[PDB]
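Peer 1: The following block contains the structure, expressed as structure tokens.
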Number of protein chains: 6
Amino acid sequence: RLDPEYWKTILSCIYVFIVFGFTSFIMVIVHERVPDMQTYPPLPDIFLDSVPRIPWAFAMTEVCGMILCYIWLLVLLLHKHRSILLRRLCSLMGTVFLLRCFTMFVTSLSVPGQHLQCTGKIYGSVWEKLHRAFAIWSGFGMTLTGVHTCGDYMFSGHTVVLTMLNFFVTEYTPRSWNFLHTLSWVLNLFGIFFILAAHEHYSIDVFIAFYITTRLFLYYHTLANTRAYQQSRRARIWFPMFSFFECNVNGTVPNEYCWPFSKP
Amino acid sequence: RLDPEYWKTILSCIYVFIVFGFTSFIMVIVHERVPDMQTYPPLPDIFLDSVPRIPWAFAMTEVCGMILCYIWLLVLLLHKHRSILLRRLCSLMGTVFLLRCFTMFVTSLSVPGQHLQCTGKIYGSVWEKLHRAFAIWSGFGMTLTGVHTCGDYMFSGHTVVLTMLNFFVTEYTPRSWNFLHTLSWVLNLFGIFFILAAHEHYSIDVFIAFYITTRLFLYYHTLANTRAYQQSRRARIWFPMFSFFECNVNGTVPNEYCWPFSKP
Amino acid sequence: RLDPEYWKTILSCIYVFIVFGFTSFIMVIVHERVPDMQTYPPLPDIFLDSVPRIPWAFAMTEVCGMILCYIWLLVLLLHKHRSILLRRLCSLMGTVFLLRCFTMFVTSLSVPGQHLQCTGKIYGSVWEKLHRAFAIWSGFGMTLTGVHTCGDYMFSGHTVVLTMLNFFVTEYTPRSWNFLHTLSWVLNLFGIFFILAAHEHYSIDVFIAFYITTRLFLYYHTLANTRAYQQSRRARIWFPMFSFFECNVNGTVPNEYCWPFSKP
Amino acid sequence: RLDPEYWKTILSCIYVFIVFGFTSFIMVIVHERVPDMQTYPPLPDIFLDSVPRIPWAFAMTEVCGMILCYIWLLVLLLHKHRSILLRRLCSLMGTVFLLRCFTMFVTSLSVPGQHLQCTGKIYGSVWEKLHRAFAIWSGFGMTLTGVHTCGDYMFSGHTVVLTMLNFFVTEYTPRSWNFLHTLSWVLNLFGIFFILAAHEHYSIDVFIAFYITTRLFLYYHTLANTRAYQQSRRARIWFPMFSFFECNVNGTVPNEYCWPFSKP
Amino acid sequence: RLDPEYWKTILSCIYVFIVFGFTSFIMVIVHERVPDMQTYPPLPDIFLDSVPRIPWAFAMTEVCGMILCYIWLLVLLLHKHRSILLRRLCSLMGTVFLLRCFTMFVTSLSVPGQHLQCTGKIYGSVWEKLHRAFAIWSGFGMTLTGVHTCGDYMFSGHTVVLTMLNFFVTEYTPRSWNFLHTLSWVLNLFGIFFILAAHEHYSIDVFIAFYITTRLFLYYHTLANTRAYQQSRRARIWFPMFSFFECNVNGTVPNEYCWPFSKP
Amino acid sequence: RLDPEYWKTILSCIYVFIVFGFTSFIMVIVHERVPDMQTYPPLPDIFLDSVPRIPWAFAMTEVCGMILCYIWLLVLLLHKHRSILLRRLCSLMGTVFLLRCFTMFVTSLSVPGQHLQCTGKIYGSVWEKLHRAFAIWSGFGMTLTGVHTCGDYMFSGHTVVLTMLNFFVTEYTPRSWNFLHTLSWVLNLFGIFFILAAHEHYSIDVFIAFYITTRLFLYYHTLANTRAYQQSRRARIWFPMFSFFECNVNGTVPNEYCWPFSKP
Ligand SMILES: CCCCCC/C=C/CCCCCCCCCC(=O)O[C@@H](CO)COC(=O)CCCCCCCCCCCCCCC
Ligand SMILES: CCCCCC/C=C/CCCCCCCCCC(=O)O[C@@H](CO)COC(=O)CCCCCCCCCCCCCCC
Ligand SMILES: CCCCCC/C=C/CCCCCCCCCC(=O)O[C@@H](CO)COC(=O)CCCCCCCCCCCCCCC
Ligand SMILES: CCCCCC/C=C/CCCCCCCCCC(=O)O[C@@H](CO)COC(=O)CCCCCCCCCCCCCCC
Ligand SMILES: CCCCCC/C=C/CCCCCCCCCC(=O)O[C@@H](CO)COC(=O)CCCCCCCCCCCCCCC
Ligand SMILES: CCCCCC/C=C/CCCCCCCCCC(=O)O[C@@H](CO)COC(=O)CCCCCCCCCCCCCCC
């Protein structure tokens, strides 16, 4: 039966923080490849050529992200099996950001011309790249806490977080609340549109990020519900550290909600 | 039971040749977006920067792609249900080549500098684009029958044909011939490697083309074997013209082989 | 059984004033779009071009509302289930006014020429409008407490209030008092007629206001009497907080009468 | 049983065409009210201010209308009860277009500044109005065959036809073809979008013309399926000549399709 | 039962000469790499530095091969299952020489200093090399019919032929003639010794040639005697055309003797 | 039963270390044969001619060696039968490294031109050879602790250690951990690739050193599992001191893991 294991969530959180630090360092290394990356003319896109740049459109994506994060925290506060829920967010965020690192290492696709005045650059040493990596790490990558000074490459990260939070909010609420689901979907779509309308990413980056996050979520939940980690040697599931986390969870996690405080 | 429907196969062959003629016209519309597309420096890649250009490598991809065609043509000749096999090859080469027109329209990603001397260009009219679209159509896009004069955009097409023929040969041969299966997998991988060694496609062009054809092949044969087109209203299968072709085929197609000629 | 919920009515009451304040906030924003609002000549109307403008007709409509309010208040005073009746008035007046904001925001149609001497306007700030909205909110809209100095837009609220009160008066009275209903009906028609004769709204401003309140009033009661909110997935009700308020009420509310005080 | 009364269908077709003549004539009458109707600035809108005017947008609205009429003719030919589907169409179009005559006559609302170059005007006589109305009558109000040269009024007729032919293709096809049903929505939404983008009608005339036809279609079919016209004294149905047309039809018409011609 | 297949042996015989010709084609290509091939001093060898070069030692090895061939040919003449014995020789000599080409192609190691006066070389063409191959192929490699004029590379074929013939001589004789087997072993060891004493190959050239032929000979017979080619998925045999040739032979071939002619 | 004879393991560990001293001494003897060994041009290879020399490649070979040794020490500590796994490792390394002494002594094969700057040479005496050999003995032949300054000979020792420690991690872990098994292949393959890319050993010394250890490992464990040493007079097993070491072990050793220390 569902066993609250509080010593595995710590491991998952540590794994995700390590993954985020690795992603920041890889981003700095990749940015070190090409010096200018801001002199070319952009590729002919279908949405970046029609809709002109909206200067304030990039903060609205993070506003939507914070709203979704607050809703998800509220959901997590009033649940029975909150440990399993917190252990499933991390094991998926780490994997998707590892895929982002792999995609960004092979080929670097930026947008030629926004953030053209970003300072710093030419970080030639081993101990000066680490300070920039630390800033990007403990700045959360957001544009509000100013870290996002230069541009960003393939496999956008805001879309991943938005889609993951939307899918988790929709999944772990009772199947009778079909207005919060619509609100979350609207927030996700508006965030994606505002990522596209700020001229920060190409259309294909957003599309592949959305598809990859959705497919990985659905596949992970299908494997977890089918309970194939102990059924047989099905396919040797390639999710990093999968059977270590879901071994004690058999079947499907129900949707029981309580109040944790002992003060009515 | 398996009914040989020789008139549904003809409808499938016509469906492909319309799709192949639609893609050839899009590739001329897209080429008119940006005139130069040959002055920029290329994106920083991990394979295009290490391995230098091999001038003869792009011709060996099609040589590897004709051996797999001849081998498959022999399978299509000594089979009982060759009508269904030819109807499944066409129903998939159209769906995948339709996805190529979608991703080549939203954003156009070419390689800045090969085929820099290709003539023609500035096809400003409605009746001169069609003539250029006819040359590509009745040349199969190959570099031997000289049509491939200028560059090519996202979602490479050589990787789609190589991977589709490799999976059909493996699928429709007895599960005891695991040397022809290994030989076909070698021609697939060597053909893919020579696209990158000729500096014709980016390292991410070839990975999403390989992934999509592999994923769509396994998804088609899951539905075709589970037989979900009449089981229930599962998901309203989005494959273009799926239930029209597989309605008369129930279950799985066996692997019986014969000789069609009546002259022993 | 019919359990009077004295804590849900308080939540219901809070809902309607927030919408009342929110509507007032939108009204000042709409007035900011075009400054003049007093140069266009009246559009050709088959009703306004016949009846001359009457300065005292507008005050007569507000008089009728008070009389109808007194009749309804007396009914609420001598009813067994006075808690439920008050909860339905707030759950239906808060929905209609939500539609008023959407109609007024998408397009703005006022009366071109009346109240041309109204003062105020040109509020260039983000704090003065809040005080102006407070004046709009804490004046209840009547001209007796002069707040509505300038013109008004589409889907007038005088018709919403006059019609909504009339239906509750007729609905929650026994089917043997068919003399008060005639008095209530003539008052509603007289009040609506005075609005049109006062040149305060267009003819189509009233008709779509008369239809929407009646359609929503009857749709609310049909669902409540059928109690389909829990029977099955009837229609995926889009009424704001419908199942929450009416979960404890089953069947149809009777028309029993008593005396509220304990001193007969 | 379902007996095709061809003498009743003819009376239905002539009934709707008289309404078309009545609608065209009253359009000239309301035009004669305000002479200029091209000097005012447009009212503030939320969609007519952001999206700029597209000269060719209004042509695509009628292109989608022709396709939706071409599929409907295909459905009309192959349906066994082709004498019933046509009779219901004539009995619904006449009612909706009669409501359009009422709203145009009660009040006038147009776009002040488009189609300012249309000639003619000041048709002050008894007989010249008929000639101008006849030109509109035998032009279908289409712009491809240029008749509609001046502006248009409230309750846009392009929205009704685009929607009425969208809810008959969906309704009168088997409930397993939900791709043509999906396709006919794109033909409707894009036809709705393009008339707004061409600055032909306000953002509220389009919405209340999409709602009325959707409401007046579902209400009609609910009455017919439950045969409430003869079951009892249900509601004194207000559809003009409803019990006369649908007296020989009992129950719901099936979805049986047959080929009428005798040349297999 | 043991069915002599007179048509499979013909297919088996064709296989070995094609490999013999293919090996000869590779030999001339390897000689093209280094032009001199006769300048390096011999590497330090514990066997070559002791035994002086003997000009007539090389001719003695070819003499021993003919004597061993005569003994084997006589056995093949007076055996019941002479078809199977001849089929196995061609199926084992065509596999070892395939490994010879791979070893010789990857690296080229010859004797640095012998046959320094050999003519030919510098064949700059693509047709003259083929005519040289026929000289190599149609001379069977012996020095009696002088073809092997220059040196030879790693994995000498003299050891392969001498060792392969010896094992068949011992294997297919009854276990009571343990005097011919001793004579056969003396011829094999004497022939191998003459190769080393002739300064025609290195010491490691012979050892890895002696091991591979013996290992493959015993591995072939163990699989055939165990008849695991059809018993189960034993080891996924990588022998070229192993199951095809030995499908009709079950168990172990006996050692019955007869007379071939019909005239005793 | 499995009785850990700690007096037998010590005799195994001392036996392998004497072979290490023997191997180091004979390397000096063969080095004294040819003085120059740095003047000849390299033999024609297929991998040493395409890939240019990478100066830092040979360092990564030893880095992978330490990691494979670090994981093995982890396995050697948590295994219940840690006294058996170590004994088999010592009894296999001595046999393989004894074959290396035989092939190095019979013939000499090195890369002519690498490590041409190594000093020393001409160690002509009886006692100085021991001092030079002792330096190689207490340096593990590693280049990180620079002892191996001159060239290396046939049967590369870096291939044996990289492969022997790859087939013990795979063998002596439960048959459900096939990701560390997968990981240890990448460590082996890259260690194999880097020694070739550094121009340290020919392309045939690497292949016949990967084959011998793989063959001599599987053959040993097949003999031990079937206890053929005492079952009968099977083959007169040629492993040096085989029946002595594996006489107290019956059957196959299980995969039970336990913590030896008494501090839970
Ligand atoms: C214990 C871990 C739980 C995981 C929770 C998942 C939520 C994601 C949070 C942060 C992701 C940032 C990635 C760090 C590594 C940078 C990678 C990079 O350098 O790549 C960045 C692209 O430049 C990616 O940046 C982003 O991912 C932006 C996402 C921000 C969306 C809003 C998140 C704000 C949360 C605040 C919560 C407050 C609660 C309510 C407030 C009222
Ligand atoms: C009836 C149809 C059956 C379908 C069979 C599928 C085989 C694919 C064949 C051709 C695909 C070409 C695409 C046409 C539209 C151009 C799109 C474009 O313009 O895009 C092109 C990219 O520039 C795509 O080009 C390609 O697809 C190259 C693939 C060629 C690989 C070799 C095929 C040669 C077959 C010859 C058979 C001979 C038999 C043995 C010979 C000894
Ligand atoms: C416990 C809660 C019960 C709720 C009762 C609701 C009754 C509606 C009353 C007033 C509606 C005002 C809406 C506030 C926001 C306006 C938005 C706007 O600013 O829009 C205005 C449009 O001009 C709406 O104006 C109106 O509300 C016109 C309605 C006037 C009808 C007469 C109302 C007089 C009631 C007085 C009762 C006194 C009792 C007897 C006196 C002796
Ligand atoms: C055979 C039965 C088919 C049923 C189709 C019925 C649809 C009615 C069409 C047009 C009504 C026009 C009314 C005239 C006066 C309107 C007053 C006005 O002036 O109002 C106009 C706008 O204010 C109304 O304009 C329109 O009606 C726009 C609708 C155009 C959409 C395509 C209509 C083409 C119908 C042709 C039928 C032939 C079939 C060939 C198939 C390709
Ligand atoms: C169909 C089966 C018949 C049985 C006979 C099998 C004996 C094989 C003979 C020769 C194999 C030569 C391989 C051809 C391609 C060489 C590749 C290369 O080009 O490589 C050569 C490198 O030197 C290999 O040369 C050799 O084959 C040396 C082997 C010589 C051993 C003596 C062979 C003499 C046989 C004469 C038989 C005559 C019968 C009695 C005479 C009175
Ligand atoms: C109980 C744990 C077992 C560990 C297995 C160690 C295997 C021996 C490694 C190397 C043997 C070197 C022999 C010296 C003379 C070779 C002749 C020559 O000079 O030949 C050299 C090349 O020709 C051989 O070089 C090598 O041996 C390459 C192997 C390097 C890979 C890393 C090995 C280092 C592991 C040390 C960790 C030990 C931890 C404490 C121990 C208690």
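The numbering of chain A matches Swiss-Prot: 144-407, in order.
Going by what the header records, the deposited coordinates were determined by electron microscopy, 3.3 Å.
Each Cβ is built from the backbone N, Cα and C atoms, and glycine gets one as well.
According to Swiss-Prot, the protein carries these features:
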- A:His301: active site (ACT_SITE)
- A:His344: active site (ACT_SITE)
- A:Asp348: active site (ACT_SITE)
- A:153-173: transmembrane segment (TRANSMEM)
- A:201-221: transmembrane segment (TRANSMEM)
- A:232-252: transmembrane segment (TRANSMEM)
- A:277-297: transmembrane segment (TRANSMEM)
- A:322-342: transmembrane segment (TRANSMEM)
- A:347-367: transmembrane segment (TRANSMEM)
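So that I understand the layout, could you describe where these features sit and how close they are to other parts?
Peer 2: Taking the Cβ of A:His301 (active site) as centre and 10 Å as the limit, one finds 25 other Cβ atoms among all the protein chains shown.
Neighbour count (other Cβ atoms within 10 Å of the Cβ, all protein chains): 26 for A:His344 (active site).
Cβ neighbours within 10 Å of A:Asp348 (active site), excluding its own Cβ and spanning all shown chains: 22. A:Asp348 (active site) falls within a helix when secondary structure is assigned with DSSP.
Sequence-distant contacts of the transmembrane segment (A:201-221), counting only residues of its own chain at least 6 positions beyond either end whose CB sits under 8 Å from a CB of the stretch, comprise 228-229, 285-287, 301, 304-305, 308-309, 311-312, 315-316, 323, 327, 330-331, 333-334, 337-338, 341, 343, 400-403.
If you look at the transmembrane segment (A:347-367), the same-chain residues 6 or more away from its ends with a CB under 8 A from one of its CBs are 231, 234-235, 238-239, 242, 252, 297-300, 302-303, 306-307, 310, 314, 335, 338-339, 380, 382, 385, 389, 392, 395.
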Peer 1: Counting Cβ pairs closer than 8 Å, which of A:153-173, A:277-297, A:322-342 has the most of them with the transmembrane segment (A:232-252)?
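Peer 2: The stretch I would name here is A:153-173.
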Peer 1: Please report the Cα separation of A:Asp348 (active site) and A:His301 (active site) in Å, rounded to an integer.
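Peer 2: On Cα coordinates alone, these residues lie 11 Å apart.
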Peer 1: Given a Cβ distance threshold of under 8 angstroms, which distant residues of the chain, six or more beyond its ends, lie next to the transmembrane segment (A:322-342)?
Peer 2: 190-191, 194, 196-198, 200-201, 203-204, 207-208, 210-211, 214, 254, 256-257, 299, 301-302, 305-306, 309, 312-313, 316, 349, 353
Peer 1: Just the active-site residues from A:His301, A:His344, A:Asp348 whose C-beta lies under 6 Å from any atom of ligand 1, please, or none if there are none.
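Peer 2: Passing the 6 Å Cβ check against ligand 1: A:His301.
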Peer 1: Rounded to the nearest Å, what's the C-alpha distance separating A:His301 (active site) and A:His344 (active site)? Just drop the number here, would you?
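Peer 2: Distance between the two Cα atoms comes out at 10 Å.
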